[PDB]
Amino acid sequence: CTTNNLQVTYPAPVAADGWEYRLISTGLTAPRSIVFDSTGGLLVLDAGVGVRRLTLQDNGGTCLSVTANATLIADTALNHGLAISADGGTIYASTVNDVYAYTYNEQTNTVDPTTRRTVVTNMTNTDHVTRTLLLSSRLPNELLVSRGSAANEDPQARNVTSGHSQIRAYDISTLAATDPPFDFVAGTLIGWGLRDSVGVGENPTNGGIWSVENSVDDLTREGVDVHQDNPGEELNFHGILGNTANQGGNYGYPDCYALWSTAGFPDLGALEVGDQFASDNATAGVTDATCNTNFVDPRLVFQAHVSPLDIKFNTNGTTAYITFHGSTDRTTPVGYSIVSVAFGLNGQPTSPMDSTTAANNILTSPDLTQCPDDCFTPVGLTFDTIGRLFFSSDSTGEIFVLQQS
């Protein structure tokens, strides 16, 4: 079954009925985004090291072993994002300021450092420093890049030209060898008002673009501290690449936040779960009505502070898997899990926007009071060619495989 028998060092994750998993790699520095190359190797963005390639021996199901590891790219500035071209010959990886493209030699499984070129630049800011990369499947030359806020409440997120808290799309086919990288704000605007939407994914049913949001910390409502269960994390819809419908809007940060818990909420009015409301620190003139009329509400909301970091859809588009990295801004911890959300034939969640039960648990921490110290912190997801799910846990240095049994 496996060459080595890696065991977790904390109360082990609990698999929902029908699911099984196995720990397949340990001792990584800080694994973030992951993706398979064309030769069946697993590329890992190990933050603070670079891009590592894990050689896997596959005996079927969860019976996988790492037999070797190689550092393809050594660059301590790479901190999260990673993508590979459809043809398998170009690796993309980002620092806080730039998105780099490297030529990957699939024959030798090596990257010549001198082939590196910058494709997007000027992304640097403090606080939220990850630059998530997604290459479209439907439009394989379209690269999306996510960029969060410079503070918990960043005023410059009100200025679209600042580049803060937004998702941009770049046609990489239009980029000559001679010409320089795009400026971050030169890309197509997928959305702004997105505090730190680290997770971005493409639904194969119709090509819909989806993002998951890490919402504001230490929320007050009419001065009252309501942060324990507000605001909700969010699933945001950005329409479809190569069209403008439902795309480019302002998702509300930092003037509007989405409602998770209605109990004890000051001035609830006619607000429902999922509706956005004005922040106590909203710019002068913004009210709850402004949030309803001028800003884009989330398609779904999730328990406050779960901190989602990735969203990946299955081949069918019937299910999206999301990593909940775990709370730091709540008294009892929440998250520390992998959940699924069901999607219908029109490419939308089957749950309504006021659902509090749309996230279905797949892998959960047995005892949330032990998190984060004794729990996994899921970050990146990726599917192999046969539908098995692989995910990283950055805090624990692990890679796991997950499948139905």
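From 1 onward, residues are counted along the sequence shown.
Trainee: Look up the CA B-factors in the entry and say which stretch, 375 to 383 or 53 to 61, has the higher mean.
Mentor: Higher mean C-alpha B-factor in the PDB entry: 53 to 61.
Trainee: Give the stretch, out of 167 to 175 and 235 to 243, with the larger mean C-alpha temperature factor in the deposited entry.
Mentor: It is 167 to 175.
Trainee: So if I compare the CA B-factors in the entry for 195, 131, 117, 325, which one is the largest?
Mentor: The record points to 117.
Trainee: What's the residue among 68, 342, 339, 34 with the greatest CA temperature factor in the PDB record?
Mentor: When the deposited C-alpha B-factors of 68, 342, 339, 34 are compared, 68 is largest.
Trainee: Thinking about Cα B factors across the chain, which third does residue 82 belong to?
Mentor: Lowest third of the chain for residue 82's C-alpha B-factor.
Trainee: Would you please rank residue 89 by its C-alpha temperature factor against the other modelled residues of its chain and give the third it falls in: lowest, middle or highest?
Mentor: According to the entry, residue 89 has a C-alpha B-factor in the chain's middle third.
Trainee: Can you tell me which third, lowest, middle or highest, the CA B-factor of residue 13 falls into for its chain?
Mentor: Bottom third by C-alpha B-factor.
Trainee: Could you look up the Cα B-factor of residue 222 in the entry and say which third of the chain it sits in: lowest, middle or highest?
Mentor: For residue 222, whose C-alpha B-factor we compare with every modelled residue in the chain, the answer is the highest third.
Trainee: Once the chain's modelled residues are ordered by C-alpha B factor and cut into thirds, is residue 350 in the lowest, middle or highest one?
Mentor: Middle third - that is where residue 350 ends up once the chain's C-alpha B-factors are sorted.
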